[PDB]
Amino acid sequence: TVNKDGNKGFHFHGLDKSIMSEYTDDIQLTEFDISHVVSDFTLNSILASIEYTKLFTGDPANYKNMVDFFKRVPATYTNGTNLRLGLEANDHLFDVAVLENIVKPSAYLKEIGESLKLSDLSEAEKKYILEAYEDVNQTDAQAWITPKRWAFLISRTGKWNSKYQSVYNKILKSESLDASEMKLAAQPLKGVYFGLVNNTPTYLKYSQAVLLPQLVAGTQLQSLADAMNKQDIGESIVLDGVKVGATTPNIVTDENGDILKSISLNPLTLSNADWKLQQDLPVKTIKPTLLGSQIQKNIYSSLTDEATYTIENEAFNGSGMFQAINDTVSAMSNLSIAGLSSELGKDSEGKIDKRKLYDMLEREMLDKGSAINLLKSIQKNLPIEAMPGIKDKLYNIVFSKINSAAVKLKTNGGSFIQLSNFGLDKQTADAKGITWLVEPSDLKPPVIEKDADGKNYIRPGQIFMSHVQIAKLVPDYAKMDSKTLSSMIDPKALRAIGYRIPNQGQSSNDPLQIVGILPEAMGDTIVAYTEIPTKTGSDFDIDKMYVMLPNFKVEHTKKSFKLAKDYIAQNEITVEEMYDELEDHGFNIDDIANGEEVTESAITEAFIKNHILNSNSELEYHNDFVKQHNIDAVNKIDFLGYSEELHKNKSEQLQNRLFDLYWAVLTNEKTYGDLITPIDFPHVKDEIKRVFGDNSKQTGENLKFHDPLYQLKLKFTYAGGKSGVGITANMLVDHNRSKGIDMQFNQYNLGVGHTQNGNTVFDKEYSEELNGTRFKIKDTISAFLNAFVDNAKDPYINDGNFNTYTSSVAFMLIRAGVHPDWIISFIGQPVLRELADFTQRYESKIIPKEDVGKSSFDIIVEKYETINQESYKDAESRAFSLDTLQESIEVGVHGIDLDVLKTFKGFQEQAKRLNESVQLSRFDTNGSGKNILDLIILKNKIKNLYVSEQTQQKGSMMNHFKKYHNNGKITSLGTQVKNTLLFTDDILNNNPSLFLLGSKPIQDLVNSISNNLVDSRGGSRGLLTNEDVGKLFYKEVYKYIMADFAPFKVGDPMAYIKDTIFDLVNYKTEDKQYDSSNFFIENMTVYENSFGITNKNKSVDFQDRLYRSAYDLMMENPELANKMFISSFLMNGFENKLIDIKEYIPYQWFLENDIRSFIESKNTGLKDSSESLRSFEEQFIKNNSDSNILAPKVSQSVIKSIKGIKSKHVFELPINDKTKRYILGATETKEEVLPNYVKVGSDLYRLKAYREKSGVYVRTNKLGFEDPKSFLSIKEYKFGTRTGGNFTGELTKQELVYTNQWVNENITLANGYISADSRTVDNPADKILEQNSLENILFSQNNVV
Amino acid sequence: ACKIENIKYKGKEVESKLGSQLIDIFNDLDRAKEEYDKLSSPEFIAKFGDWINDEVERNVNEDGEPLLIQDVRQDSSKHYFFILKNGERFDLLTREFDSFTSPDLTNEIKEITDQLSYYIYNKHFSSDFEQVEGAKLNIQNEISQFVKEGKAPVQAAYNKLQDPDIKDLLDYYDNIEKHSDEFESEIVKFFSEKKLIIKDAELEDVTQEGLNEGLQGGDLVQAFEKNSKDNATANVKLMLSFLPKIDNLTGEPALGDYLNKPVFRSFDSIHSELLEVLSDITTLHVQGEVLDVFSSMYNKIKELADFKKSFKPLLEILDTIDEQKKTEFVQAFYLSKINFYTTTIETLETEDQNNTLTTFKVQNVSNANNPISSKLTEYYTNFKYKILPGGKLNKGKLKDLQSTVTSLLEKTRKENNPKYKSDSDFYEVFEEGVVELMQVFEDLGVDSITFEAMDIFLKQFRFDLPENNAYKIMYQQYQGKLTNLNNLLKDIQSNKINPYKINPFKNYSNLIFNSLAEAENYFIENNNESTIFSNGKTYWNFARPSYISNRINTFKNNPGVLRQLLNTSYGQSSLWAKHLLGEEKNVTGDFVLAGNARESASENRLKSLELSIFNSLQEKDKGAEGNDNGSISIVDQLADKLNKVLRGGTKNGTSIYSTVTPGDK
Ligand SMILES: [Cl-]
Ligand SMILES: [Cl-]
Ligand SMILES: [Cl-]
Ligand SMILES: [Cl-]
Ligand SMILES: [Cl-]
Ligand SMILES: [Cl-]
Ligand SMILES: [Cl-]
Ligand SMILES: [Cl-]
Ligand SMILES: [Cl-]
Ligand SMILES: [Cl-]
Ligand code: NA
Ligand code: NA
Ligand code: NA
Ligand code: NA
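Conventions and cut-offs
- Residues numbered from 1 in each chain as written, not as in the entry; some residues may be left out.
- Chains lettered and ligands numbered in written order.
- Part of a larger assembly, values for the part shown.
- Heavy atoms only, no water.
- Pairing = 2+ DSSP bridges.
- Helix = DSSP H or I, 4+ residues; strand = E, 2+ residues; numbered from the N terminus.
- Axes fitted to C-alpha atoms, helices over the stretch in contact; angles between N-to-C directions.
- Contact = heavy atoms within 4.5 Å.
- Buried area = accessible area lost by both parts, 1.4 Å probe.
- Salt bridge = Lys/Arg side-chain N within 4 Å of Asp/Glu carboxyl O.
- Nonpolar A, V, L, I, M, F, W, Y, C, P; charged D, E, K, R; others polar.
- Buried < 20%, exposed > 50% of the residue type's maximum accessible area, 1.4 Å probe, protein only.
- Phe/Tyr/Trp six-rings, centres within 6.5 Å; stacked < 30°, edge-to-face > 60°.
- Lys NZ or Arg CZ within 6 Å of the ring centre and 35° of its normal.

Caption draft 1: Geometry of the sheet that holds strand β10 (residues 268-271) of chain A. Residue and element names in this part refer to chain A. Pairing in this open sheet of five strands is mixed, and the strands run β7-β4-β8-β1-β10 from one edge to the other. Of all the strands in the sheet, the pair left with one neighbour each is β7 (207-210) and β10. Neighbour-to-neighbour, the strand axes of the sheet open up by a mean angle of 35°, direction not taken into account. With five bridges joining them, strand β1 (residues 93-99) and strand β8 (residues 233-238) adopt parallel strand pairing.

Caption draft 2: Highlighting the interface of chain B and chain A. Facing the 137 residues of chain B at the interface are 141 residues of chain A. Summed over both partners, the interface of chain B with chain A buries about 12,000 Å², with 56% contributed by carbon and sulfur atoms. If you sort the residues of chain B by the area they bury against chain A, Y547(B), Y570(B) and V660(B) come out on top, with a joint share of 7%. At the boundary of chain B and chain A, one finds 15 salt bridges. Put simply, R84(A) and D292(B) hold a salt bridge, and the shortest N to O gap is 2.7 Å. Counted by class, the side of chain B that touches chain A contains 48 nonpolar, 48 polar and 41 charged residues.

Caption draft 3: Local environment of the sheet that holds strand β9 (residues 242-244) of chain A. All names here are of chain A. An order of β9-β6-β5-β11 is seen for the four strands of this open sheet, with the pairing classed as antiparallel. Two strands close off the open sheet at either side, each with one partner strand: β9 and β11 (275-279). Each adjacent strand pair in this sheet contributes to an overall mean axis angle of 25°, direction not counted. Here three bridges tie strand β5 (residues 190-197) to β11, and the two strands are oriented antiparallel to one another. When the sheet's bridge partners are listed, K190 is paired in β11 with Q279.

Caption draft 4: Region of the structure containing the pattern of salt bridges. Residue and element names in this part refer to chain A. In total, this model carries 110 salt bridges over all chains according to the counting rule given. Put simply, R1259 and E1295 hold a salt bridge, and the shortest N to O gap is 3.8 Å. Remark: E1295 occurs in helix α45 (residues 1290-1305) and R1259 occurs in strand β41 (residues 1254-1259); sequence separation between them is 36 residues. We classify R1259 as buried; its relative accessible area is 6%. Classification of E1295 by relative accessible area gives partly exposed; the value is 29%.

Caption draft 5: Focus on the packing of aromatic side chains. For the structure on display, the rule yields 105 aromatic pairs over all chains. Geometrically, the ring pair formed by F190(B) and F242(B) is tilted, given 5.7 Å between the ring centres and 55° between the ring planes. Taken together, the residues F190(B) in helix α7 (residues 180-194) and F242(B) in the loop between α9 (234-241) and α10 (267-278) connect sequence positions 52 residues apart. Residue classification places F190(B) among the buried residues on the basis of a relative accessible area of 16%. Ring geometry for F294(B) versus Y298(B): centroids 6.3 Å apart, planes at 45°, classification tilted. With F294(B) and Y298(B) both in helix α11 (residues 293-307) and four residues apart, this pair spans about one turn of that helix. Look at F294(B) and you get buried, because its relative accessible area is 7%. The residue whose ring lies beneath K54(A) is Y570(B), and the NZ or CZ to ring-centre distance is 3.9 Å.

Caption draft 6: View of the environment of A227(A). Residues and elements named next belong to chain A. Here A227 shows up in helix α9 (residues 222-230). Relative accessible area serves as the criterion here: at 1%, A227 is assigned to the buried category. Separated by 37 residues in sequence, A227 and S264 place their C-alpha atoms 6.3 Å apart. Filtering out sequence-adjacent residues up to four positions away, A227 remains in contact with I263 and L265.

Written out as structure tokens, the structure reads:
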């Protein structure tokens, strides 16, 4: 920079005056002072990093290398339940044995190759798969602990109990757990360790599987466990489980891979004080489990019409399954929401039962736990809008119930911790422990085999699992011989489908067969075949695996039926009561033709089965029954059956049908390839590393590894991936969902990628061919997903400029069909990397903006316009070649900078269209949204994409609504959005008497106010699609509606609350003379201009006592309580401010002041005419005039003064290159229209007239009061009429009235100013939106030739 | 009798069946007729219909009166209402616990509910809780049994001599039994809140959502997103719940003025205090002695039990408690303080040169609105009201306060005599002066001032320590603070410290008002939780300990390991170990500080050492636009790191060094 006298110097942003004064007091910094500050910072931070390595991390030489050092640093951050020591003998120590890594080649390597021979896959690809399975890490980060160590760990963490003592005593004696102790199992502890053992850092990342005697009995691993009990070695971790500080691992295996018969371990003594139970994962047995959101759509990836997927009595091709699966899942949804419909009494039109709604809300608030004030408000059946404290929570509850019913579909299964099959699948002597259901043998991977008829199927993988369901249904199952259990349970009931979230590919899903039931005391433990880590890309400290299990049909004993009949006749349960409690009514709808009114025996049998002999039932009949009568072991467990006709099937039957469909997909010949390919997808990684370099090899030149700048950049490099993993998962799962449909741009071609009829088409199978290689789109998106999820292990994805600025364009290019190499060379282009870095640097708070409003893209194009002496106007968007891009990276190419910038901006805008389509493809997870505002935005996005498609807009997105309805057949997502978005919209529209904020007038109001807003870069916001403006809208509309409430109608708000404050403090003083205080007043903290409570968290008892004290004040000093409540509304407007006390205002006060009649009259007044809301808009903009989107801030530089009056009072904004940002659109007569409200500096203006191509603005009044010293945001609203602010200064009022004099004197048409009321935007969308309903918009399918 | 009659059949023998219903449900003979006459008002006739003249069909009882409709809810709550013409609900505004009529009704029912809860706890849960869950016991039988037990001796005293007061007590116990189901509901809520409820469905839902979004492991929900009270087992929760309030006068547990049964202290306040004092205690290998965390904890309690006697029985309980429950208590409070650093940046422009200059200020938000500092601000605003009306310093009344304090100093100089030795003598000579100080503090803005606190304020927070000889200590503080007030007044009158810009109570905090705020906070319960609010989320200021926090607590409470760290090969070059331990060396090898200086320096250097977590960076007055560790730009974080590192260059400033970057955490 340069000072006033012309001398040069430096200005250094983000350095505070207090520190800068310690260098030079002068305003300008010299080069020497910059050297001083930077040297101080660098050297002190380097020394601090070294000190941290000396005191906390330990000597970095103990780490694998310097690169892995930063990856292991997080060990020093680890938190967890540290354990109590110092009470007997040697508490603080425990011995650990470090063991060799168990890295085998796959035992079934020949079979995998012979199966791949049928896969229709590339030769080098098959070679890659085979050589990847030649090196399997069987025990990655796996550890085993003795039951003594498990008991010690649980007792010292306070978790111990007498029932842990019982289950431990039973564990040592190999006794089977009863039904009560199942939740107390010894599942592997999810602990972590980091300490300094004799000044060597020891880091233990591991899962602590408990070596139960029942597990190790009859297997090789027993020997290991034996030694640990003999040598008092508590824990045993593989070398990969001890990241640093491991001693030389001791060998426990033979030459042939078998483990040693007698083992003696070299112990390593550690400190218990450094151990901590990191995750206290609960024990959740086989239960209803939410089906993974990703698997149910990634299953379509392997569907091909060249295969025949066969289930019992049904056969489908690739397409058929697509429909079939969708149909089935749709059915489930339709079932579930139907139940919710019965809960609400949904009429044919859509009107619901008020009583039932409030009953549901009360039950949910009771189960969750609520303050008595709010629950009584609900019990009084008050209108939802009359309960200011809980209106948002009640809307949330309704939305949550709808979404959970329609979307959160469940099957049978659970979440399981993986355990390595190290010495468990290889057996010795006779196994009394693991209940084997087949002949004991090795655990085998999925391979291709032939059935009796000669067709090639996939032999499912083999699994061990604690099947608590079987254990409770068949007690003493461990006692039974193998043959009786094998025949007892249906072989199709010992199968499962195991997926891992995130599903990075079809490899994450496995079809598995249960060969043995693990001891119940291993909790949620799953032992899979020896190759599953290589296939799924999974360690053994990764989160719980998810599996989906079949539902069981059980044949209960005749004695159970006899005892149940004796109990039900003895306890005098009437025949009707049974029928009454069984609301399922499976026979009443269709099977009463023969049943009629006569059949009682059927209902008695069904009630017995479903509520007395059913182990899991809330009816409590089963518990009282098992109090004295004891149920018997089921005769047979079978795969519960489904019907081809989905309406015949209930929930469990549909679940099993989906299970069998997924089984047919995952056990088919043609899918084996997609199943067996390891999860690493290397093309993008290898190309990034060849074109930009391998950063896994780093050296510490100039003391780099302790430099603050290097560590900051490394932190951002690592943190990049948490953002990209989610978007990449969504993109993969959407591409797999929408492969059949051919979404495309209306009349846009990117220049690269697949094209149909001159339009860029999305989601084809393969990519373009480039240099002899072409890669499936599935594989490229999976590669990006794997990069993001393993970013910590190797951070290469950020090196290719793949970040949040380029993610959308990268994935659009991927799905379009562009070759991965071209995408890597384009996104990694140096000038785009400069653009990204400058986008991040530009929006920062430290660096002030030279020209606010100049986008980062504009700064970059101006830089390269000046450097290249070319104009971006004369630059074109070109589809380049690899040699141009690849060369430009290595050696600069001249003339392509502005062209790649233009191409990237076009690509970015079209990626906006693609992501707009993706955001409307997430109804199977998000549903209709958590809030009413989210429903509004979803509906408006649907409408906007629809009117863009219909108007045949240039860069529009086509065929999108085929995701909801295609081929004349409703889809999964289509049903989902039908009974979530459309369901909740129907409820809101057809129940205006309840949901006022959801009524059509309020939605239409927000759409209008949004349309009257201008988005930057010259757009009209149109329908409400921005989230912040919607939040402001609803928060202020509640205030506007409530402002008509009779007690709240007080003039001069500020004065009123002041008086209240006065009264308040007086009370406090006087209370001192009575020595018996009021709890509500005691918790009030008065500020300069407000009063309330601190926003710190508060237990339910504390809220209830506050409410009770407020009610006591309502009786003792009613006028003061009334004043305080009115002030509570005036100060905050029931908004969730930092001193809000709205949830403690007794409902008696609203009911007493007749809030019911007020809300009901408001409902019935808005039902017929929305005129009353007309006057809200301006007040809105006049209260929150600080918003840069409600009142855009126009630079004073482009402002032009006008004759006669100063620039501040009235000015004129001319239409210009610099003001194109503000034109909303074109009128009917092609005239341009400008925004209604605009602020300049700190003054607000409303548009009054247009002269030629310019609009005149006059100063107007602001409403509301802002005092941050007191957390005060007063809003001034009047219902049905306009209002004048009580806070505008006197000189400001004089200036405004003089401005009004002047503008009325000379603004007339005689002077050439057309009044602003004429210019209105011409919207074409309105016609389409009037002539089309949301249902027809969503489903389309309108007939054509 | 004297029942209410039908208005529609006025002047006849018939009575109001609706009137009898109203009588039965409000339990007030006058209020029932009051509401009935309210029904006959013209507005009710217009909104509901004319049942007096015409005969309505829908909304009527047998005898022609608007029928009461009773809704029993899922929780057996009874509500009564009318249906008008419109179908609207006319709520009757029935109240629960009608029989109890205290104007301060809240603490009355709270006393009764707490005593019933203590009865049931001492009977059943005194041994263990996790097996009964409040279901083996029947609450109703326990209510009735407690009523009978508390009623028997009172009934005997009534039988001895008839007295209406004893009948009043008997009717009070009968009323306690009358609402037995409502007290049952309250105590079921009490006992259910203790045991933590595990929720599998939404837990699995949010786990799957976070795994979709890419949250591997414990990074799903942060440790400070879970509250610290979820770590206290139900046994510990109850054990802390049933502690008695000590009477501020007698120094012994106080009795409820409604039932003369001892009233108990709030659970939230006790949990907060114990977190404040029991946090950051960890196992230590001090001198070959492994520290049982329960002992140190216990010691703390004992120490604290000497100041606030309310904790005397808790200690007692910890003696008569099982070792397993000892471990449960330990893990209930075996946590670490986790304080959040928020960097606020403010940019201003120079006076004349009109160039920009910024300021970075790092505040600790976790212990920001602490009870003491808040009171200071509470003073300041109250000082603005009483002394600065509209921005004008009332120098006349402030000079009056000056005259009062100077006359008090004159009286102290006059009446001081060493023969006075006990607190009784000090009060005998200076009660009027102490009252005048109460008044000058109150006029200065200490509205909440109470005499009891003054006692502690004069006792210099020594309670059982002074014993017989206490006049000196008190007197000292008295004159000291009195003199300081004069100095404060002379600084506030002469405008050395302007009230309009700098807060006077903060300036004289060390000399006067820190001790005063502490003394008058001794008697108030703080039921708040130690939390902060950051970017829409709510975080808790106590989290289950981490390796780094354990290591710093070890450096602070067992510095000897530092010495051993300096003895090892790699840790020999540690500047931080030497600095914390005091053995700072010069350029030749000699210690820069003497032995006496080294011991004192190491203590302060260890006390100032503070672990923290970077919460957010924000521009001044725009906290909604703040950036946490996930959304902050590299430039903003680089600037914050720069200023935090260099802040040690300024005098009376300390540097804040971030750790080595912890991977992708
Ligand atoms: Cl034990
Ligand atoms: Cl809302
Ligand atoms: Cl379901
Ligand atoms: Cl850092
Ligand atoms: Cl606050
Ligand atoms: Cl400047
Ligand atoms: Cl600080
Ligand atoms: Cl200050
Ligand atoms: Cl921590
Ligand atoms: Cl954070
Ligand atoms: Na060593
Ligand atoms: Na060593
Ligand atoms: Na290409
Ligand atoms: Na103004």
